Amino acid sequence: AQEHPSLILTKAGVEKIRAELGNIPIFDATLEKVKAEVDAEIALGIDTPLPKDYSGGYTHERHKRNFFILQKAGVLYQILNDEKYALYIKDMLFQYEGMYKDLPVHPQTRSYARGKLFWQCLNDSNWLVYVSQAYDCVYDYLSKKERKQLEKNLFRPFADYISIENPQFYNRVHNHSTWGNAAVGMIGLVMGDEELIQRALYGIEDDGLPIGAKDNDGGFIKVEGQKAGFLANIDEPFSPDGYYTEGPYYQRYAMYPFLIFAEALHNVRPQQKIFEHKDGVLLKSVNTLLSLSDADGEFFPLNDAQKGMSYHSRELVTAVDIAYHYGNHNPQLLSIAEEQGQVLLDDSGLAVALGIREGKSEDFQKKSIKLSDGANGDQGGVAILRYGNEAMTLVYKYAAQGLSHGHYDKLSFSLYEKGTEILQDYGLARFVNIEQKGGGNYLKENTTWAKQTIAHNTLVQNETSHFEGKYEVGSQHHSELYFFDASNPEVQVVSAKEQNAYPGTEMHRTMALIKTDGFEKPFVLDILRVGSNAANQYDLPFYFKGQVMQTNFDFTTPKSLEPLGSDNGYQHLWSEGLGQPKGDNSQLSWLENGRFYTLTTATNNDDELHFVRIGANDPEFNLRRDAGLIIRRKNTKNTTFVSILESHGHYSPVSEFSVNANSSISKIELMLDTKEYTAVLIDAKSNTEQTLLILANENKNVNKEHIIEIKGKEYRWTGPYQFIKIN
């Protein structure tokens, strides 16, 4: 009964594509490129080496390229009606059949679930997701006899290897299991095997896995009460806003198996209603992921994340095209496709190409957005505040743990200007798929530096990470949204609280992106209110990007670089300079990508200002030599940090003109600093430009009227904040 192909590329799709070839430029260009890639590999032959290497090494790269080429050859066979591509697929599949059944477990031992073709079952699963698509395309070209042998001695044993033989890999809520479930489900759908389809959807019953079983990034295999299978992987790690809890770098990775297996289920098993599952979260999550990119389309490096990953990736070409075709045909997705400059060679890519040709493209709007975390949207979140035409972007992370890849980074932020990183989230310590750096795998310093709180722009207490850097503790906690109000494009405000990172301490951080008279550009206002039951040492880092220009405080320069501390990331920071404040406001300015920036922060006489540089205890040169300024406030119980980050002026080494190189801040002052209310007065240097932000800290209700006095003058407003011009 079942047609082949039908999962991704459909029979009707092949006919529609063939009818339009030559009149769909983005598709035609992709077809030419892919045909040339596959033809070159056909010329080189068929290589299925005995597996040996980690990522970047020959056997890994060869088996990886093979799965990409097989899927490409499958669609070429169908679209071009050229059996040279079917013959290549047949010959490669049979060469695999000749070796796979006799392979040992992969000789590399790092993985908690060692693969056969690859060092880990994740990559064997990648292979089967792609190869299942190729098999769907050549199914009718093969004889019944050929299909029987491939299914019996290659595909069914492979599907069992990555599932029932490795339930620790397969049966989780984790990107690994999403790939595993998709691999088993895709091949099950092609073969019409109900057992495998059910195993894909609902996982393995009674897996026998014990308590506290972990993998290699610090994460539990199983979580009490959680289901397994594809549907569990949709329900648990996505919020109702389509935010994937591992963060955008890993959301990017998981989007491929999520949307490909969803597409396959939609086409073969429409009764599953997979695109309606969890209030249509998979389709929504594509928009959400695109919103988590900077002006150049590069995903914000939250949690474990390599900088440079972007919506130009193959996963986002796939996700955009599937979301366009199977969703509500959102014309904003077509502008992303135009930027990508390629489409999938299937029904969905054709739909995108036709939408573009018909003049339907609309610009993808990059907006201020509140995203919830947790399956029910009640476990913190992530906020993005954007000014104007994506002119300045603040990312505030008040999220849940994020599973294994999560960082100890409650209430951290990062700042960008038109695709230039200004205040960074470090990302991972890993050179992804570069064999020369620890086999392309996570490095020691991912744990010892990149995950630690001191590596982030957030509060560190007593040189200890949030939750003492203990995964099992952090996994039980999330920061809490206090309020989000981005309605005023000139004054956008978000506020969140964290009281479990350091038991006995309450952190309440409010961030605002504010455009006001006296300043060339919007600035960031950062209020970090700290309450505690004991005198502590508080560190507040700012990991700036660029060349130091000026300070308004003196600092000493040591004759030798010593580490800042001994543990929890401090062992990776060199102490490059130590400043003492000259007064109530301390300022650091720098130049980055032709623009000046100034950090102004409210300082006390006994504060220390630490210039630091990353790179201590880094024997393999695994860390970047980036700099930071850390405010250290010793022997302090309750305190409120108040900072402004300005962007101003410009420099060019062509014109050699320096323009507006100084700050426009005259003064920032806490006018009220209580548990119930915080008030910050901001004075610009030009003319009578004064503004006041007042925060109500213990009642978020939008209709609650507040009455306070500052210097014998009454201020009245409704809701959790007011920003007023002081005349």
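Numbering starts at 1 and follows the sequence shown.
Mean C-alpha B-factor higher for 108 to 116, or for 421 to 429?
The recorded data point to 108 to 116.
Between 677 to 685 and 54 to 62, point out the one with the higher average CA B-factor as the PDB entry records it.
Looking at the recorded C-alpha B-factors, 677 to 685 comes out higher on average.
Please pick out which of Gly380, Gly440, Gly219, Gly474 has the largest Cα B-factor as recorded in the entry.
Out of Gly380, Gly440, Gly219, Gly474, the record gives the largest C-alpha B-factor to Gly219.
Take the CA temperature factors straight from the PDB entry and tell me which of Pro541, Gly615, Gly388, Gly594 peaks.
If I rank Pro541, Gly615, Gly388, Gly594 by C-alpha B-factor, first place goes to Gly388.
Should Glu608 be placed in the lowest, middle or highest third of its chain by the C-alpha B factor in the entry?
Middle third by C-alpha B-factor.
Just say lowest, middle or highest third for the CA B-factor of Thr640 relative to the other modelled residues in its chain.
It belongs to the middle third of the chain when residues are ordered by C-alpha B-factor.
Can you tell me whether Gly192 has a C-alpha B-factor in the lowest, middle or highest third compared with the other modelled residues of the same chain?
Highest third.
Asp207: which third of its chain by C-alpha temperature factor?
Highest third of the chain for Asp207's C-alpha B-factor.
Can you tell me which third, lowest, middle or highest, the CA B-factor of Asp626 falls into for its chain?
Lowest third, going by the recorded CA B-factors of the chain.
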